[PDB]
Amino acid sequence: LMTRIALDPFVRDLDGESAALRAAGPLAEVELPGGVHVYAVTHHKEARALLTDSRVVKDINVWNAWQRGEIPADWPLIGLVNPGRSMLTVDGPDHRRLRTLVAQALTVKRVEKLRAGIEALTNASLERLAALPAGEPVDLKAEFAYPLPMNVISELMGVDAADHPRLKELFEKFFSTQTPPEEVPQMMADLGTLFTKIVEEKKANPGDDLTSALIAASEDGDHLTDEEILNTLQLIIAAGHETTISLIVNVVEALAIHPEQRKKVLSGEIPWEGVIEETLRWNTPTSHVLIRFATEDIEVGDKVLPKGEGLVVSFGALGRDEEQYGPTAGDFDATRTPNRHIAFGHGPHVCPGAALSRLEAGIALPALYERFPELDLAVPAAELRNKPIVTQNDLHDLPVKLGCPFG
């Protein structure tokens, strides 16, 4: 086993961390912030295997370190490691019960119906740009990427829009490695009190949206506790806004660095669905997914994940496995045709909202470059920088000069 790798909480060099984990694969020793030792799978072939192995589980009571009360309650990463009972944290027969009404609501068919809505919100956001003074840089993150998927997923769950500025300011702190440990459990307090408030707004006045579809259904021949709903709602609002925002940003960043490919994208030669997929492989929004545990020793290539130890899937590292995609695994090629990446997961927990975000991004990007065909970065590509979020590949801002609307 190669030298232990300590995930930098300031994300000063993601591309090199990823390469190191690549080198230390298939299974690498890793240290999470606060000195917590866990292992990490960093190869494509082997990550598929562990994700479909029933010996690898989400029950934290299987974690040696947690049995032995070694994980501070004040830990910054506790939010991710132990978020409570939901689809995310259980397995096998118990899992299917919490997933099913959510997996049905986000199929290609049942999400096609939201398109009208997404075109609406995009075509608006575009109006608000250009409404800004031309010539002067704009943060494409704050003005376009952030609000769009939030609005969407708010609509989907029927969340009141007057809680947006408050939800923004809370998720900011949840993800930051530089949020002060004494501040943790009044942030989590207020998330809980925020989500409980709007769940009761829904019981009082049930709408057609998915929050209410969970409420009515539980009462008859299937499951769903008062807590399981509340936890399953946080999961859907968090996962479904964070990741997709980053996808959009990252697509825009990729086309900037690769302008020959951008030229062909804008002309139609390369279809947009190939750019979005390649961006997911090459520069996934989710660098690391937290937390599984071996029920017993598992062979992993020529190493062993010892029974009781934590496991991380390093999607960022494995997104450029040359064993999987050949010698060009390190480069953005939007035409890379057979492209069976796992940015969305594998086995039982694989993303149920893949089709939603593929849809949001496949509407919003071509809309933006139809309106602003000259749009390029306002800063050199190397000055762009990751926010301090160890699991996520999030940029701080994306300043661009729009360059006059040919819409």
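Numbers follow the displayed sequence, beginning with 1.
Comparing the deposited coordinates for 131-139 and 262-270, the stretch with the larger average C-alpha B-factor is 131-139. In this entry, 64-72 shows the higher mean Cα temperature factor of the pair 359-367 and 64-72.
When the Cα B-factors of 173, 336, 292, 115 are read from the PDB record, 173 comes out highest. The PDB entry assigns its highest CA temperature factor, among 304, 251, 311, 161, to 161. The deposited CA B-factor of residue 325 belongs to the lowest third of values across its chain.
Compared with the other modelled residues of the chain, the Cα B-factor recorded for residue 195 ranks in the highest third. For residue 110, the recorded CA temperature factor ranks within the middle third of the chain's modelled residues.
Residue 147 sits in the middle third of its chain by CA B factor, as recorded in the PDB entry. Sort the modelled residues of the chain by CA B factor and residue 123 lands in the middle third.
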